[PDB]
Amino acid sequence: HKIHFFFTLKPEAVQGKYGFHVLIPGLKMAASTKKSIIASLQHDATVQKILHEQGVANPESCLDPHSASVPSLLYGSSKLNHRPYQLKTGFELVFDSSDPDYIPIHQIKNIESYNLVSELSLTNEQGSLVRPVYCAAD
Amino acid sequence: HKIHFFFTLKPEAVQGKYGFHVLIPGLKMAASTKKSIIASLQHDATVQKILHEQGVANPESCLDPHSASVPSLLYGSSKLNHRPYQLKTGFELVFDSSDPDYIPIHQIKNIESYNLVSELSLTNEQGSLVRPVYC
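Heads up: the sequence lines are chains D and S, in that order. When you read off a place in the first sequence, starting at 1, and then add 1, the result is the number in my numbering. When you read off a place in the second sequence, starting at 1, and then add 2, the result is the number in my numbering.
See below:
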């Protein structure tokens, strides 16, 4: 399977407030699976030690558990009086069942020549790049 | 630590014969260690099955046990009546002992802008890109 990762960053840090989004359009699961995954990520030591040198005051509260409930912004849209999240870079990942311990990560090329809003849509199923990976229907 | 990998491929295959080189100038170990490593690879079933779908007859016999003893061709050189191996891809790897299970692999960018003969030297210790990792 091919899994794509996108990191859209806030244009500027206002009064010491920052953030970014992680989008996985092709991968498909249930709400309970997303809740379990989000609960797992809150206790990841690796992420925390990554964040400590970044100036993060509280890495534990950085992840919002409501990410499985809130409807998601389309790409390019934004909140009132808030700038749109600018895409920093996008990574592609290839996962195989034969070799679970081999995890390749590479940047996506020619990203600027592609329909970003179409590909980044969570419910989209006709993305030319992002393809739907049907997982278990919980 | 940073580890660099280089893959110089034979320009063409004669009578079903192919070959290439894997060079690790950054690594610095003993010859006995190199022999042990070569012995380890000769029984690696993963590489054998990788070559299995390549049209390769005997992947077990592809490794030369003498590679740690025979003097190595400098880059650009060749054997008599033999075209020199052409560099196809160049890889760099980042090793961190804190997380041994995280292995980032990325191709090197703009290798054509660097002194390939100087960098790919197995005995050189002043490589601009290849850094001497004493092991």
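Here a beta-carbon is modelled for each residue, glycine too, at the ideal position from N, C-alpha and C.
Can you grab the Cα-Cα spacing for the pair residue 100 of chain S / residue 68 of chain S, in whole Å?
Against the second sequence, residue 100 of chain S aligns to sequence position 98. Against the second sequence, residue 68 of chain S aligns to sequence position 66. Cα to Cα, the separation comes out at about 34 Å.
State the start and end residues of the unbroken alpha helix (DSSP H) segment that holds residue 49 of chain S.
Here residue 49 of chain S refers to the residue found at position 47 of the second sequence. Element bounds for residue 49 of chain S: 47 to 54.
Along chain D, in chain order, which residues have C-beta atoms closer than 8 Å to that of residue 107 of chain S?
For the purposes of this step, residue 107 of chain S is taken as the residue at position 105 of the second sequence. In chain order: 105.
Out of curiosity, what's the CA-to-CA distance linking residue 23 of chain D and residue 104 of chain D?
The count along the first sequence starts at 1 and reaches residue 23 of chain D at position 22. The count along the first sequence starts at 1 and reaches residue 104 of chain D at position 103. Rounded to the nearest angstrom, the two C-alpha atoms are 18 Å apart.
Coarse secondary structure for residue 61 of chain D, derived from DSSP in three states:
In the first sequence, residue 61 of chain D corresponds to position 60, counting from 1. If DSSP states are grouped into helix, strand and coil, residue 61 of chain D belongs with coil.
Going by the DSSP bridge assignment, what does residue 10 of chain S pair with across the sheet?
As a working note, residue 10 of chain S is residue 8 in the second sequence. According to DSSP, which records beta bridges pairwise, residue 10 of chain S is partnered with S/23 and S/89.
Just reading off the alpha helix (DSSP H) that residue 2 of chain S is part of, what are its end residues?
Outside the shown range of chain S (3 to 137) lies residue 2 of chain S, about which nothing can therefore be said.
Give the range of the alpha helix (DSSP H) segment to which residue 119 of chain D is assigned.
Taking the first sequence and counting its residues from 1, one reaches residue 119 of chain D at position 118. Residues 117 to 121.
Tell me which residues share the same chain as residue 34 of chain D and place their Cβ nearer than 6 Å to its Cβ, disregarding the 5 neighbours each side in the sequence.
By one-based count along the first sequence, residue 34 of chain D stands at place 33. Within the same chain, residue 34 of chain D has close Cβ partners 139.
Any idea what DSSP makes of residue 30 of chain S, helix, strand or coil?
Translated into the one-based positions of the second sequence, residue 30 of chain S becomes position 28. Residue 30 of chain S falls in the strand class under three-state DSSP.
Residue 70 of chain S versus residue 41 of chain S: straight-line alpha-carbon distance, rounded
Within the second sequence, the letter at position 68 stands for residue 70 of chain S. Within the second sequence, the letter at position 39 stands for residue 41 of chain S. Cα to Cα, residue 70 of chain S sits roughly 11 Å from residue 41 of chain S.
With distances taken between CB atoms, is the gap from residue 109 of chain D to residue 5 of chain D smaller than 8 Å?
For the purposes of this step, residue 109 of chain D is taken as residue 108 along the first sequence, with counting starting at 1. For the purposes of this step, residue 5 of chain D is taken as residue 4 along the first sequence, with counting starting at 1. Yes; because the gap between Cβ atoms is below 8 Å, this pair is in contact.
List the whole-angstrom C-beta distance separating residue 27 of chain D from residue 95 of chain D, where the pair is believed to meet the contact cut-off of C-beta under 8 Å.
As a position in the first sequence, residue 27 of chain D is number 26, starting the count at 1. As a position in the first sequence, residue 95 of chain D is number 94, starting the count at 1. Contact flag wrong, Cβ pair sits at about 12 Å.
Within its chain, find whatever has a CB closer than 6 Å to the CB of residue 19 of chain D; leave out the 5 residues flanking it on each side and keep chain order.
On the first sequence, position 18 is the one that residue 19 of chain D refers to. Result list for residue 19 of chain D: 11, in chain order.
Is it true that the CB of residue 9 of chain D sits closer than 8 Å to the CB of residue 89 of chain D?
The residue you call residue 89 of chain D lines up with position 88 of the first sequence. The residue you call residue 9 of chain D lines up with position 8 of the first sequence. Contact: yes.
From the DSSP output, in three-state form, read off residue 5 of chain S for me.
Mapped onto the second sequence, residue 5 of chain S falls at position 3. Strand.
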